[PDB]
Amino acid sequence: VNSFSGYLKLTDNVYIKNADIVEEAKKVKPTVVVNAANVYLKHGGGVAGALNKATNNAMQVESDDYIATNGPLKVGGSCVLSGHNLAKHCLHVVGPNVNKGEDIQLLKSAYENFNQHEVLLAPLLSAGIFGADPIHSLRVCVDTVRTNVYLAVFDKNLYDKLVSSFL
Ligand SMILES: OC[C@@H](Cc1ccccn1)Nc1ncnc2[nH]ccc12
Ligand SMILES: [Cl-]
């Protein structure tokens, strides 16, 4: 039993809700919140920009030190950093950004990072400003993640479409 509330159950381990991941994380304070990161951990917009804003830019400061030490992530890769005031940890995961021409096949590799954590609050990878089809992202999530994932979809219209079209 966990403290996530109001989710629709899609499979044994995947749940979905219309919610602002920022407000969800603040309410639940999960062990792991997933960020929709880019390889430079520049949290300018989308989910990343919103999560960073909620940390008063502390996420960006920590991320800049991470990059200065380690260099950029790989597309499909991840790193674990602090969750600041939002969660214990933030798993920064880089899905492919279609608006950069990146290979959509890497979306499965991106979701594989979730399997290293027993429970996660997450957005749909490569959705929104990363330009992938959210219906496809949900399918890859369900077919790749085996740990317990609580998906937050900010857009109510998109949420209803994701639920109604789910196979
Ligand atoms: O896929 C992730 C995208 C989905 C999206 C957003 C808007 C319009 C269309 N798609 N973004 C988010 N998801 C959950 N919480 C969020 N908080 C801020 C941004 C955000
Ligand atoms: Cl977005």
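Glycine gets a Cβ as well: all are built from the backbone with ideal geometry, and neighbour counts include every protein chain shown. What follows draws every value from the coordinates through simple rules; no lab data is involved.
For the reader, a short list of remarks on this structure follows.
- Overall form of the stretch 80-131 per C-alpha gyration tensor (a/c, 1.5; a/b vs b/c): prolate
- A simple count of charges around residue 113, restricted to other residues whose Cβ falls under 14 Å of its Cβ and scoring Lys, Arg +1 and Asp, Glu -1, yields +1.
- CD proxy at 222 nm, helix term only [per DSSP H run n ≥ 4: -39500 (n - 2.57); per residue of the chain; nearest 500]: -10000 deg cm²/dmol
- Value of relative contact order over the stretch 28-167, rounded to a whole percent, pairs C-alpha under 8 Å and six or more apart: 24
- Diffusion coefficient of the chain by Stokes-Einstein, Kirkwood radius over Cα pairs, 10 °C, 1.306 mPa s: 102 µm²/s.
- Percent of beta bridges antiparallel (DSSP, the chain, rounded to nearest 5): 30
- Computed on the Cα atoms alone, the convex hull of the stretch 47-139 gives a volume of 101 cubic angstrom per residue.
- Extents of the stretch 128-167, taken as max minus min of Cα coordinates on every principal axis and listed largest first, are 27, 22, 17 Å.
- Net charge of Cβ neighbours under 15 Å - reference residue 137; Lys, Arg +1; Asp, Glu -1: -3
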